[PDB]
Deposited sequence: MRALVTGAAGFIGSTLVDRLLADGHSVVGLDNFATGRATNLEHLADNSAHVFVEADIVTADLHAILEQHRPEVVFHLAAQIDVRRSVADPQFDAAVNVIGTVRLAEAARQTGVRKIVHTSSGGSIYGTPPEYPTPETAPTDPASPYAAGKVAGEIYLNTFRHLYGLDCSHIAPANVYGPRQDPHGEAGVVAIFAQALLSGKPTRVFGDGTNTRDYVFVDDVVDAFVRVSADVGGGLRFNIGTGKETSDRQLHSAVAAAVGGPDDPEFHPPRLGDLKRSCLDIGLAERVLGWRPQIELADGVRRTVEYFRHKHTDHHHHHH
């Protein structure tokens, strides 16, 4: 197929690009390098099945771009990703995550795109639900502008599906980690620990360390994107996680084990959600998707990546 990936210069985006190319697709990458990195895509310099477009989804002529490249599927991973930044500037977050998505859908419905695969946020859209692991049927209850914008994006895409029959599905990842993750933000805690411990710099667990997340390896997430790109799961969100809860403290230990040396983090005052754990049954039933990579193994893979960057 012809694929276009927004946020292609990013962690998950560049990984998806690699997978799509490996599957024999042509891939157009799109990014404004808000948080992305040229080094994430540099290996594709002489790959003729890949084309890169520098564009800001907020202001670029997405109509002209999609008219030119005629993607069959648009994989939408471009977003303002930082929860804290979304609180400091909800307008900016909403412009990128809501307006950006709307502009893309409006362009795609006019240019013969079959499907948009949106990226939601499994870790934040549910707020604090009464069910863990959390199924997609649980009500959204966003507690940050970031989370609200992700929900709004889902809803707008569902709307375009009604209006025009532009298909859509929402990939809602838990806590994604792995090679290429930027050691920054509360998202990149695996990267932060790996880089710091490898350096022998201090590491900080914010709170008593009991807070839990659902850690899913980037390759598993990418495979979900590929699966859902088909004519399946229309207008549906898919939780993409492992359905296992790992405490902040336990995560440190897993990274410490991989790195070697001391497992002795600093404990800081609490900064946020106490638990996150996704029910991944729908993805199995509908897409045949299961995560392949368990935490200890994934962390070793991730630490291996950071070893060579250090």
{"property": "Segments lacking C-alpha coordinates (deposited sequence numbering, starting at 1)", "result": "272-273, 313-320"}
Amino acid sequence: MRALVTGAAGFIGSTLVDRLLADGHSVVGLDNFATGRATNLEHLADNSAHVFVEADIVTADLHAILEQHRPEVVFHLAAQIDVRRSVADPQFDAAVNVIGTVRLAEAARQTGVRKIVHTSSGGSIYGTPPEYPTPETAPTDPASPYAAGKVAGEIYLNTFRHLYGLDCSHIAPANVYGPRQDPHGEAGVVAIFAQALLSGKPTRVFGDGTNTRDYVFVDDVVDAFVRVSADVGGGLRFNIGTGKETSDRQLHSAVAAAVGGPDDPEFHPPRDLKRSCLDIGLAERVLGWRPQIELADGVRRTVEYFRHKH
From here on, numbers count along this sequence of modelled residues.
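We call the rigid core whatever largest set of C-alpha positions still superposes within 1.5 Å between the two forms.
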| item | value |
| --- | --- |
| Of 258-266 and 44-52, which departs more from this form in 5 other deposited structures of this protein by CA RMS after core fitting | 258-266 |
| Positional deviation of Cα atoms in 5 other deposited structures of this protein after core superposition, greater for 126-134 or 184-192 | 184-192 |
| 285-293 versus 12-20 - which carries the larger mean C-alpha B factor in the record | 285-293 |
| Between 205-213 and 169-177 (mean CA B-factor, as deposited), the higher | 205-213 |
| Which of 142, 123, 112, 200 ranks first by CA B-factor in the deposited coordinates | 200 |
| Top Cα B factor in the deposited entry, candidates 117, 240, 94, 187 | 187 |
| Position of residue 195 among the chain's modelled residues by C-alpha B-factor, lowest, middle or highest third | highest |
| Residue 303, C-alpha B-factor rank within chain (lowest, middle or highest third) | middle |
| Entry-reported Cα temperature factor of residue 35, expressed as the chain third it lands in | lowest |
| CA B-factor placement of residue 87, once the chain's modelled residues are sorted into thirds | middle |
| Record-listed C-alpha B factor of residue 232: chain third | highest |
